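This document starts with two versions of one protein chain, written out as structure tokens and named structure 1 and structure 2.
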Structure 1
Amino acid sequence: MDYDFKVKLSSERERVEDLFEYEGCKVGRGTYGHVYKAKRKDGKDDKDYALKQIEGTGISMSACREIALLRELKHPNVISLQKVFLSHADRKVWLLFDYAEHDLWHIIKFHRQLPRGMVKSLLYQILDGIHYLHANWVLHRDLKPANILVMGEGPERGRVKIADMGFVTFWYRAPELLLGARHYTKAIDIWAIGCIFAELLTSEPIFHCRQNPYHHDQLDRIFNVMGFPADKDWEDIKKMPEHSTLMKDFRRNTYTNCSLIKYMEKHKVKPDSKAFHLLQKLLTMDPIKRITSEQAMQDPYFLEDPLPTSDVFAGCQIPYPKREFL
């Protein structure tokens, strides 16, 4: 290499430690890496930032995938990459995101009921964000309450941001993945959003279950809530790899009493409400009978009073506990 080149870039390069104050402020320890709440030392910002140290050294598939994708993606409801630091000393990669004080896991935790303006608001921004990613053929692959971040106090008050933190919960996994379908689809994301919506309506994970792709008990719970699919409800259930195993272990008559209406009635939600009717098009067993994100957004549930608010909290006081350090 040229020496003048090395030293000039070295001199000019922005460093993580120089521009950000983060030691002691570890907010999450994910499978892809550790996440920090980062204050900007250099003057002009009282705004906080989420700083991510990518696990491993160098540019792993994980690192290259995340950088590449999020450097292109731009939507209010998808989480936004502000800056990348490449630290030559130890070959570690750091990513700078906008800090999100809340998430749907801690919000749903706290109410153990949510206002309905808030539920509808939260759902619309998830649908909005997922639609954008889906238009760009970007599948999430693991949507759940802890990946739906919500922005606390400041310029983006109450705005949902969709993320992927990383890490056993098969509670949000569509039944085709339980019957062993090979590929992830857009329909797989939408199932998980239906699960999130039911949970927002009632505070209980709709397909909660105790601790191969096949999972007997996760399936049983789905069937306990939704009832066993009839042939006509899902004609290509027969094409699934674990369909023989399904027919061995299960009997449809076990679930004759069971349906979505009866589960949701039991948790004080009316089955002729627009809320419920959209929930059923989301939680449809057959993926090809499951509506799209665009279609959910057009649903008249979002025209019925009250309308979706831009601010999920609708002006009100944010009563939720802030993030604890680790």
Structure 2
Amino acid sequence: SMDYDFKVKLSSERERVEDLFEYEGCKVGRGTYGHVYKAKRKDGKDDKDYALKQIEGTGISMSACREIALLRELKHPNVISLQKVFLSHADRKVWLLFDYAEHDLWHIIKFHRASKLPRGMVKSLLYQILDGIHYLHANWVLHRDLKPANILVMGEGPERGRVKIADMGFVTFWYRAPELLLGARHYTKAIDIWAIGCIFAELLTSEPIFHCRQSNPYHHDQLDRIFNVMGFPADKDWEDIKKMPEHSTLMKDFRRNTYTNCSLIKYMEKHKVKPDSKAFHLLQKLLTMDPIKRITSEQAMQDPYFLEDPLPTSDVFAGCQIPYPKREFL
């Protein structure tokens, strides 16, 4: 099957995650992706924190495969960099190594809504999310699951305030485009843009715009929440809505009249965002019901919102002190 000397040589030379890093009791993240540890090198060559991602299950899953394949190729300041892959031969577990990102939008937003976000920081965050997704889209890579928990932000150090898009391995549908909820069979660039729109709205208000209570694509309560914010789409607004596999279900369960006094203007005005601001006009272009009428990432980056004072900064915090607490060990 395999040569003895070949196996023995490789076994002697193979770097093991447990020999290189101390991570026992250093777990900071959990999910569908696997587990994330804040580790330190066992050899004192560095004192910087590292993120160790132990992939879910044994062997090479589809998720583990997609993440390794893509991150091995992708090189952008706003996309998380894969530094090394550890293949634990004993328990068949896959480990991914990256530089540690102290923050993410899930924790940043949570901190701000617990108080009840500086506008320069909101703009810089959105510019870096769009920059990262534009690079992915130009390389024909769709994220398929953008959300605040995936938009990492670097802490103190040589990359302070830099956004990093994480989770390339792809319960809650708050960031899911309306065409997916109506049965669209394929993921598209427009689906990622809708998610960015959701994130932008949440950064401006500290609230998930399409927050909804908890296996088919059709999710009634989620669509009801979209319509309560956006209004029910008129035929002119989304002509191909009739072509959607769940259009007949939509016609059976909903009536456009229920959402007559509903619009994004009305929603954003309740959360003190002005409908004549450049921020609102951009948000509305990102949150377009019809995917073919949704702005692209490159067009969004060219928006006059980014030319208005203040300009977006490379450090989203802009040399100001980070008020956000460090991630706690689970």
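Each residue is numbered by where it sits in the sequence of structure 1, with counting from 1. For clarity, a rigid core is taken as the largest C-alpha set superposing within 1.5 Å between two forms.
* **Large Cα shift (2 Å or above) at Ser10 between structures 1 and 2, core-fitted** => After core superposition, the C-alpha of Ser10 moves 2 Å or more between structures 1 and 2.
* Asked: Core overlaid, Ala296 C-alpha shift between structures 1 and 2, how many Å?
  -> So the C-alpha of this residue moves 0.3 Å.
* Superpose on the rigid core and then read off how far the CA of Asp90 has moved between structures 1 and 2, in Å. => For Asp90, the alpha-carbon shift amounts to 2.3 Å.
* How many angstrom apart are the two C-alpha positions of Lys262 between structures 1 and 2, if you fit on the rigid core? -> Core-aligned C-alpha shift comes out at 1.1 Å.
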